[PDB]
């Protein structure tokens, strides 16, 4: 009774090979992390965004920038927050471990902060992560942790689990 559930469902019923089911699994993963994002933004009263290009953020905080003199990498973090002195580069994980978080922390560290350091914008990269089994939230970014001590999120990942479970049940061999 939700488009996302029924569109994944139809796709799980139809899928016939493991090479194609892996793309469905990747699709659910990103869908689970989008819903985390929406709820997190609603819970935090910041505007919702997903996969925004670096160039667009730069030009929303800093419209006068002489862009073409900078090598601005093509990265798309999920969202950002501009305070007037600090640029919070946001990112949504949902996971039960921290490995993927560390990957995206390193990539976004070396790919974003160099150019922001030349433009002169105080940047910090923030990965918020929800454990989907236990619902605990883990935050990286001391400035984000400060600006938001209470994260009042109401999550439920059950539809995502049922989906990724049916996919595993179909290919348990």
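Positions refer to the first chain, counted from 1.
Stretches 98-106 and 80-88 differ in mean CA B factor, with 80-88 having the higher one. Of the candidates 127, 44, 111, 130, the PDB record gives 44 the highest C-alpha temperature factor. The deposited CA B-factor of residue 142 belongs to the highest third of values across its chain.
Per the deposited record, the Cα B-factor of residue 136 falls in the middle third when ranked against the other modelled residues of its chain. Per-chain ranking of the deposited C-alpha B factor places residue 16 in the highest third. Compared with the other modelled residues of the chain, the Cα B-factor recorded for residue 167 ranks in the lowest third. Placement of the Cα temperature factor of residue 68 within the chain: highest third of the modelled residues, per the deposited record.
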